[PDB]
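First the proteins, then the strands, lettered A, B, ... as listed; each starts at 1. Both backbone and side-chain heavy atoms feed into the values below; hydrogens, waters and symmetry mates do not.
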Amino acid sequence: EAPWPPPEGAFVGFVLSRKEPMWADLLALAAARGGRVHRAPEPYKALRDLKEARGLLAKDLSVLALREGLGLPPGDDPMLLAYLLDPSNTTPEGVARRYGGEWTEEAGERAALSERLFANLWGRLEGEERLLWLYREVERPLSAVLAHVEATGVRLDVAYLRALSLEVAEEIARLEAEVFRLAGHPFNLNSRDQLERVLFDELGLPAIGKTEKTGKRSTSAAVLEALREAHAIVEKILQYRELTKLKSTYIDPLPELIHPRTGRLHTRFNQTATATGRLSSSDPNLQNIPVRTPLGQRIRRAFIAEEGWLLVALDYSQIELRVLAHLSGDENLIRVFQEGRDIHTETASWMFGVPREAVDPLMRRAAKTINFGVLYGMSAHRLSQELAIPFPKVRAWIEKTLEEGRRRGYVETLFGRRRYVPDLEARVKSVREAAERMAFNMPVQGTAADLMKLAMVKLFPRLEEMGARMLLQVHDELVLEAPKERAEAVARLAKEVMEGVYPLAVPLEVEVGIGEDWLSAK
DNA sequence: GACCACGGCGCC
DNA sequence: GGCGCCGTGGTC
Ligand SMILES: Nc1nc(O)c([C@H]2C[C@H](O)[C@@H](COP(=O)(O)OP(=O)(O)OP(=O)(O)O)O2)cc1N(O)O
Ligand SMILES: [Mg+2]
Ligand SMILES: [Mg+2]
């Protein structure tokens with residue numbers, strides 16, 4: 001136990017008042033390096049002395065430092081080491097629980113824990129050349145990028161959504177008071193259980209499905225879809241569900257999350273939260289903003305650009321199909337993208353009996369579910385009742401992947417990111433085949449996730465040069481903010497960085513759009 | 001108050 | 001296939 005400050009290169013531990021770094025109060029700050037722990041008398045002032053956030057959850061402390069106008073980049077983070085060893089290492093509780101430590105709530109102990117866990121995990125990673133490359137060239141630099149992204153935030157049209165809330169509210173009351181009419185009485189329409197009784201016991205409607213854990217009669221949209229004119233109350237419920245979902249999740253909560261000092265909405269990009277290597281967004285999740293329905297697009301317009309700036313949206317086209325062509329090597333699927341063909345449009349045109357010309361974007365979005373559904377083990381049964389109906393060596397790669405997965409316990413992406421799928425030899429078929437679907441999907445979704453992470457690493461410092469910002473990542477999409485006078489060049493540059501991030505056997509192409517709001521930018 | 005399981009559902 | 005957040009119903 002030594003006096004503050006710590007020497008250069010120590011591991012940091014910190015305690016927040018809450019999980020969100022942009023809203024957190026730094027309750028404590030400590031450091032550790034070689035037999036001693038440096039606890040800070042005043043955590044906020046002690047931030048100015050660190051050159052780097054090195055330790056567990058490094059990005060979170062860096063985001064809080066950017067909130068205070070401090071350039072404190074995140075460095076080594078044992079969480080990132082463990083996540084690359086096994087993507088089920090998602091929390092500091094589990095990592096310490098598994099590699100020799102205990103995740104307490106004292107800054108000093110967290111600094112010493114970060115020191116012990118780094119030495120241990122870094123030891124496990126010796127000889128893992130491809131995972132060390134993913135750590136040095138992707139994940140660790142990415143944590144720095146995501147640090148500035150989270151601290152930047154996005155502009156939100158608050159007064160607009162407040163006005164939209166009143167309009168959506170009264171349209172809800174209409175659908176409700178109606179549902180109560182056909183029901184003959186009032187009840188909590190939000191109550192999943194009360195609805196079941198009204199539908200299947202009082203109205204005697206046929207129960208088409210059962211819930212997973214409690215065996216109750218389901219009221220999901222898919223079930224009600226088959227009842228939407230066996231009775232009229234069903235159609236109103238679906239429209240009621242859609243409205244309350246968007247109002248309670250987006251319209252009302254988001255306006256209340258504008259940050260005092262920045263005046264913008266801030267999310268968190270979790271780097272060790274998925275089994276495939278994707279990022280996740282939380283508090284709030286900005287990777288699930290509505291876009292499907294008209295009302296959803298109304299909400300999407302609330303995401304606007306700063307005055308004098310324009311949003312730039314970039315999105316890889318048919319990304320996982322292009323990745324699939326490279327992973328399998330299918331000459332056909334490879335040649336498909338060499339002719340500039342679009343599978344989502346070709347599938348969407350059989351679905352709706354419409355030529356490729358008049359294929360709207362709502363029926364091609366439906367083709368993605370079909371194409372990617374069919375691709376990853378979709379049963380012939382479920383395909384029937386949603387689109388309303390009664391590539392040779394892809395399979396070769398699937399089996400090669402599953403066989404190798406069974407032999408070594410893990411599948412891997414193009415760059416070597418691993419996911420462990422132990423149930424590939426389970427004796428219960430359903431458990432085995434579910435694991436199989438998880439298994440051969442990971443290399444396709446993870447490679448696409450790798451390319452995107454790697455693109456962000458290469459693009460971000462270029463954006464700093466041009467005075468542009470990186471606002472959001474949506475799996476295979478980037479939302480940037482650039483000054484109006486530079487938006488066009490920024491769009492052309494980012495388009496170029498993303499398409500040539502890591503050449504594949506098929507060209508990567510990116511659709512790009514510019515607009516004052518998120519909807520006009522796509 | 002907190003946390004939880006569940007059904008349900010928004011997006012990729 | 002991969003996520004996170006919703007209200008409800010529930011416990012502590
Ligand atoms: N149901 C889905 N299932 C998936 O697995 C994806 C994965 C695979 C896909 O390539 C990737 C990015 O999604 P998207 O950008 O929306 O789809 P794509 O990149 O292939 O086609 P794009 O219109 O941009 O040319 O997420 C998406 C959907 N959407 O329903 O969406
Ligand atoms: Mg795409
Ligand atoms: Mg996309």
Side-chain angles (χ1 to χ4, degrees), chain A residues 18-19 87-88 90 187-196 209-225 237-238 240-254 257 267-293 295-297 299-300 313 315-321 323-324 344 365 368-379 382 398 411 413 419 421 433-449 452 472-479 518 522:
Chain A
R18 50 188 300 186
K19 52 169 145 200
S88 60
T90 60
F187 64 95
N188 184 3
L189 196 47
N190 298 321
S191 180
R192 148 68 185 74
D193 292 333
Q194 298 181 32
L195 185 66
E196 185 190 347
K210 289 268 187 160
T211 61
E212 177 58 35
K213 298 262 183 274
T214 56
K216 293 176 174 166
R217 298 165 297 193
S218 173
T219 67
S220 62
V223 166
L224 301 187
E225 185 66 13
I237 289 159
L238 297 168
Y240 178 85
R241 284 260 179 87
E242 188 204 344
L243 258 47
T244 56
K245 177 69 169 187
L246 302 192
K247 182 171 185 299
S248 63
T249 301
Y250 310 100
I251 302 179
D252 290 333
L254 292 184
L257 300 165
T267 186
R268 308 175 61 201
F269 281 104
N270 311 302
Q271 222 178 330
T272 70
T274 70
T276 59
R278 271 192 177 186
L279 299 175
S280 86
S281 182
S282 59
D283 312 308
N285 185 354
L286 293 183
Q287 291 182 325
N288 72 333
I289 302 299
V291 66
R292 187 178 80 261
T293 72
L295 176 59
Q297 298 194 347
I299 303 172
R300 205 165 179 94
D315 189 308
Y316 288 100
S317 87
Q318 317 176 79
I319 179 58
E320 289 201 9
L321 295 179
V323 169
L324 176 57
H344 303 335
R365 173 118 184 86
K368 298 186 192 182
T369 307
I370 305 299
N371 287 334
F372 292 128
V374 161
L375 171 58
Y376 298 113
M378 178 194 207
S379 82
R382 92 158 63 186
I398 294 180
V411 288
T413 64
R419 174 179 183 184
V421 201
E433 295 184 336
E436 281 170 0
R437 291 194 290 273
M438 305 181 213
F440 74 86
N441 163 272
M442 184 271 177
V444 188
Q445 177 180 129
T447 295
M452 187 38 134
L472 296 167
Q473 182 261 37
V474 188
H475 304 309
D476 84 324
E477 168 191 349
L478 286 187
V479 180
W518 199 354
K522 320 198 80 195

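If you take NZ of A:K245 and P of B:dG7, they are 15 Å apart, rounded to a whole angstrom.
Using a 4.0 Å cut-off, some side-chain N or O of A:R241 falls inside it from OP1 or OP2 of B:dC9. For the pair A:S280 and C:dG4, the criterion of a side-chain N or O lying under 4.0 Å from OP1 or OP2 is met. Between A:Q194 and C:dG9 there is a side-chain N or O to OP1 or OP2 distance below 4.0 Å. Contact annotation: A:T249 does not reach the phosphate of C:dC5 (side-chain N/O to OP1 or OP2, under 4.0 Å). Within the 4.0 Å cut-off from OP1 or OP2 of C:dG1, at least one side-chain nitrogen or oxygen of A:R437 is found. In terms of phosphate contacts, A:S218 brings a side-chain nitrogen or oxygen within less than 4.0 Å of OP1 or OP2 of B:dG8. Using a 4.0 Å cut-off, no side-chain N or O of A:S220 falls inside it from OP1 or OP2 of B:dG7. For B:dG8, one of the phosphate oxygens OP1 or OP2 lies less than 4.0 angstrom from a side-chain nitrogen or oxygen of A:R192. Between A:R292 and B:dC11 there is a side-chain polar atom (N or O) within less than 4.0 angstrom of OP1 or OP2.
Among the nucleotides C:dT8, C:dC6, B:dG7, the one closest to any side-chain atom of A:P253 is C:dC6. Taking only side-chain atoms of A:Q445, from C-beta outward, the nucleotide of B:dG7, C:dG1, C:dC5 with the closest atom is C:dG1.
Closest approach of A:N285 to A:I289, counting heavy atoms only: O-CD1, 4.2 Å. Of all heavy-atom pairs spanning A:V223 and A:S218, the tightest one is CG1-O, 3.8 Å.
Taking the centre of each ring, A:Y316 and A:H475 stay at or above the 6.0 Å mark.
Among the heavy atoms of the strands, none lies under 4.0 Å from A:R217. At a threshold of 4.0 angstrom between heavy atoms, the contacts of A:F372 with the nucleic acid are absent.
For the atom pair A:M442 CE and A:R278 CZ, the distance stands at 12.0 Å (nearest 0.5 Å).
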side-chain hydrogen bond (donor to acceptor under 3.5 Å, both in side chains) between A:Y376 and A:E320, worked out:
CA-CA 11 Å; A:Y376 298 113; A:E320 289 201 9; 2.5 Å; yes

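A positive value of the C1'-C2'-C3'-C4' torsion places the sugar of C:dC6 in the northern pucker family.
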